[PDB]
Ligand SMILES: [Ca+2]
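Chains as they are written, first to last, in the authors' numbering: chain C, 2 to 45, 51 to 108, 129 to 373; chain A, 2 to 108, 114 to 120, 125 to 373.
This is the structure:
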């Protein structure tokens, strides 16, 4: 299956209600013969999915809502892919949207940062450097909630959230929406001469009991989901990755868990610049959750919009040079569920 | 794809929390090599900032690595969840899907005119009953008789919220909810869970000697607000979903139907919209007994929503459990004679979305 067109809007403190966010992101996608709408949304208003199809003048088109909290967008893409491949649908619109304006995760993130620094002798600044890189990338992203470059000192001086992690290292609460149109491979070239194919998806959960999680430097759901995705995609190399960096430390851990770097060496890739926009393997060229902001149900879909734009050479100043294959990770809770999607310019 | 095993709880006002309802319904199903869990649930969003319901479920059930997600289409959630499971199987994304429908409820639509009003589903049903009686000259008793039939069926269902026979007189003397419809004609607020295990057809006989195949599914939305341009006697989403299901299923005949009878009048209207009876004739089938348990076309042999109760996210899955039991000749006193092909209808709101599933003893 392939993504053939997309919609995105600016994330942040938005004037629009949930329905108008959806109308904005899908305005240009209703020209196609959409035959299922999958809504990725966690917090909604009742019957959001039917309210949406009526609001869009798609009154008869069937819809449903997929919720996997912060992993909703990836799960929704999986459902869309399966609807297409099973031939239940031919042209699926996936819209992720959240309106947020109208043992906690931050706490677990600081526990991981402490344990990672302890086990691997990683300097504190390697974790903060992730926010420097991501704020730089986000400053190039006209849709990002935060578009402000920061130095290491500014990150490390920003207000404490959960010792040692500071404000600039966490994703903000955000409103926003993102959308993709997906079709089977046999249909893809009728829509565009450059479709972005889904090569493989992997999905996994892991124990949600904080007390039962084996440690805090690995996310076994991300490991498993990645393993499944790469197996199905039949590749072993990617050109960029959009990760689920609710805190900076998570980008590091996830970069290891998807298979890019050995466990405890992800921080070295950060300091080396391997993961910067002009590095061998850019991570979060969008700015990541760090700078994009994180409208819960939208994020997993926004990552697919990023992969589509990057592979098509349409990402402008944020362009990953010669990007042909990419990866996204959508994650619920502290690794409670993970979906990894691999995209490419070939099926 | 086929349903190869099921689970069901008693519906009612339950003291158990949602986790223990899910543990109960799946306790005999965890032995299978489940590789995706789909949770059908509409109102349990309390964990949305911490752990998340579908992930809390796989953890509670010790299915730690198995992926899961929640499908919400309000009262139509169970049918939508079954469609998602079918597609995951047919696309080969999954090989054995567990669908759990669950709701723990115990503890609306906009109306425009060519000003806004918010209306409850029970108030909409009464508007339909008045218009249906006016347009088709249907006697009031025909609408009440649906609740007699369903309470009789429900009294034979050990899982039903309500297991008490009522007379026509008792129905017509029960408290007015929204004139003219009365308490005994509406579904109660219920807690409960239901579950199915589904696999591809090529795998079905590996799991059971008597698989119950999904012959086709049809899905449609319809306008999510009510205007004075609606006829109040047809549910166009049900019409469209049923058309699609029968087209795909390639049958023209069913042996029984499980419908979404939030109010008695809806059973009548839906029996027409699925194609059994002409518009305005459904009431005649009730009075003739065609739709009773021994009739030519039993509707709601389970007791329907009227007597089962209606745990929002569980209902659409419970209807699949009913179809499975009926087609396997396992429904006991509620058994539909020589049942081989069946239908269920899972409906959101006042017809905002509908999923129609056709089941059979053959692929
Ligand atoms: Ca395809």
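We put the CB at the ideal spot given by N, CA and C, even for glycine.
Distance cut-off 7 Å: residue 286/C Cβ against heavy atoms of ligand 1: Position 260 of the first chain holds residue 286/C. For ligand 1, not one heavy atom lies less than 7 Å from the Cβ of residue 286/C.
Residue 211/C Cβ short of 7 Å to ligand 1 heavy atom set: In the first chain, the residue the question calls residue 211/C occupies position 185. Yes, the Cβ of residue 211/C comes within 7 Å of a heavy atom of ligand 1.
Residue nearest to residue 221/A in terms of C-alpha spacing, selected from 334/A, 260/A, 174/A, 92/A: Stepping through the second chain from its first residue, residue 221/A is reached at position 211. Selected option, being the one with the closest Cα: 334/A.
Positions along the region 219 to 247 of chain A whose CB lies within less than 7 Å of some CB in chain C: 229, 230, 231, 232, 233, 234, 235
Straight-line Cα distance separating residue 199/A from residue 107/A: Counting from one through the second chain, the residue named residue 107/A turns up at place 106. Counting from one through the second chain, the residue named residue 199/A turns up at place 189. Computed Cα separation, rounded: 7 Å.
Sheet register partners of residue 369/C (DSSP bridge): As a position in the first chain, residue 369/C is number 343, starting the count at 1. The partner list for residue 369/C (beta bridge, DSSP) reads 224/C, 352/C.
Contact under 8 Å by Cβ, residue 101/A with residue 37/A: As a working mapping, residue 101/A is identified with position 100 in the second chain. As a working mapping, residue 37/A is identified with position 36 in the second chain. Contact flag unset, no.
Contact the region 237 to 244 of chain A vs the region 323 to 332 of chain A: 3+ CB pairs below 8 Å: no
C-beta neighbour in chain C for residue 45/A, strict 8 Å: Here the question's residue 45/A lines up with position 44 in the second chain. No, no contact with chain C.
Residue 72/A at chain C interface by Cβ criterion, 8 Å: The residue given as residue 72/A occupies position 71 in the second chain. It does: the Cβ of residue 72/A has a partner Cβ on chain C nearer than 8 Å.
Local conformation of residue 159/C per DSSP, three classes: Walking along the first chain from the start, residue 159/C turns up at place 133. Reduced to three states, the DSSP call for residue 159/C is helix.
Every unbroken alpha helix (DSSP H) inside the region 73 to 97 of chain A [4 residues or more]: 78 to 91
Chain C contact for residue 132/A (CB, 8 Å cutoff): Residue mapping note: residue 132/A aligns to position 122 of the second chain, counting from 1. Residue 132/A does not count as touching chain C.
Under 8 Å between C-beta atoms of residue 69/C and residue 136/C: Counting from 1 along the first chain, the entry for residue 69/C is found at position 63. Counting from 1 along the first chain, the entry for residue 136/C is found at position 110. It is not a contact, given that the beta carbons lie outside the stated cut-off.
Cα-Cα separation, residue 378/A to residue 71/A: Residue numbering for chain A in the displayed model covers 2 to 373; residue 378/A lies beyond these limits and cannot be assessed.
CB contact check: residue 99/A to chain C, cutoff 8 Å: By one-based count along the second chain, residue 99/A stands at place 98. No, residue 99/A lies away from the interface with chain C (no Cβ there is under 8 Å from its Cβ).
Proximity to residue 61/C [Cα-Cα], best of 209/C, 83/C, 19/C: Position 55 of the first chain, counting from 1, holds the residue named residue 61/C. It is 19/C whose Cα lies nearest to the Cα of residue 61/C.
Whether residue 359/C touches residue 45/A by CB criterion (8 Å): Indexing the first chain from 1 puts residue 359/C at position 333. Indexing the second chain from 1 puts residue 45/A at position 44. No.
Extent of the continuous beta strand (DSSP E) run through residue 266/C: Counted from its first residue, the first chain places residue 266/C at position 240. Here the beta strand (DSSP E) through residue 266/C covers 266 to 268.
Contact test: residue 346/C Cβ vs ligand 1 heavy atom, cutoff 7 Å: Taking the first residue of the first chain as 1, we reach residue 346/C at position 320. For ligand 1, not one heavy atom lies less than 7 Å from the Cβ of residue 346/C.
For residue 134/C and residue 29/A, the rounded distance between their alpha carbons: To locate residue 29/A, count along the second chain from 1; it is residue 28. To locate residue 134/C, count along the first chain from 1; it is residue 108. One C-alpha to the other measures close to 35 Å.
Option nearest residue 341/C by Cα separation, candidates 313/C, 368/C, 319/C, 324/C: Locating residue 341/C in the first chain gives position 315, counting from the first residue. Selected option, being the one with the closest Cα: 313/C.
Where residue 115/A falls: helix, strand or coil (DSSP): The residue you call residue 115/A lines up with position 109 of the second chain. Residue 115/A: strand per DSSP, three-state reduction.
heavy atom of ligand 1 below 7 Å from residue 291/A C-beta: One-based indexing of the second chain puts residue 291/A at position 281. Residue 291/A: no, Cβ never under 7 Å from ligand 1.
Beta carbon proximity, residue 354/A to chain C, threshold 8 Å: Locating residue 354/A in the second chain gives position 344, counting from the first residue. Cβ-Cβ to chain C under 8 Å: no for residue 354/A.
Beta-carbon proximity of residue 322/A to residue 43/A, cut-off 8 Å: Against the second chain, residue 322/A aligns to sequence position 312. Against the second chain, residue 43/A aligns to sequence position 42. Yes, Cβ-Cβ distance for residue 322/A and residue 43/A is below 8 Å.
Sub-8 Å separation of residue 152/A and residue 327/A beta-carbons: What you label residue 152/A is simply residue 142 of the second chain in a count that begins at 1. What you label residue 327/A is simply residue 317 of the second chain in a count that begins at 1. It is not a contact, given that the beta carbons lie outside the stated cut-off.
Beta carbon proximity, residue 358/C to chain A, threshold 8 Å: Walking along the first chain from the start, residue 358/C turns up at place 332. At least one chain A Cβ lies under 8 Å of residue 358/C.
Helix, strand or coil at residue 362/C [DSSP, three-state]: Locating residue 362/C in the first chain gives position 336, counting from the first residue. Here residue 362/C sits in coil by DSSP.
Residue 367/A versus residue 12/C: straight-line alpha-carbon distance, rounded: Numbered from 1 along the second chain, position 357 holds the residue referred to as residue 367/A. Numbered from 1 along the first chain, position 11 holds the residue referred to as residue 12/C. Near 39 Å, if we compare the C-alpha coordinates of residue 12/C and residue 367/A.
Residue 307/A versus residue 66/C - alpha carbon distance: Numbered from 1 along the second chain, position 297 holds the residue referred to as residue 307/A. Numbered from 1 along the first chain, position 60 holds the residue referred to as residue 66/C. The straight-line gap from Cα to Cα measures roughly 29 Å.
Chain A contact residues for residue 300/C, given Cβ-Cβ distances below 8 Å: As a working note, residue 300/C is residue 274 in the first chain. None at all; the shortest Cβ gap to chain A is about 30 Å.
Residue 32/A versus residue 338/C - alpha carbon distance: Counting from one through the second chain, the residue named residue 32/A turns up at place 31. Counting from one through the first chain, the residue named residue 338/C turns up at place 312. Their Cα atoms are separated by approximately 46 Å.
Beta carbon proximity, residue 75/A to chain C, threshold 8 Å: Position 74 of the second chain, counting from 1, holds the residue named residue 75/A. Chain C contact via Cβ: present.
Cβ-Cβ distance between residue 370/C and residue 346/C below 8 Å: On the first chain, position 344 is the one that residue 370/C refers to. On the first chain, position 320 is the one that residue 346/C refers to. No, Cβ-Cβ distance for residue 370/C and residue 346/C is not below 8 Å.
CB contact flag (residue 92/C, residue 88/A, <8 Å): Position 86 of the first chain, counted from the start, is the residue given in the question as residue 92/C. Position 87 of the second chain, counted from the start, is the residue given in the question as residue 88/A. Taking 8 Å as the Cβ cut-off, residue 92/C and residue 88/A qualify as a contacting pair.
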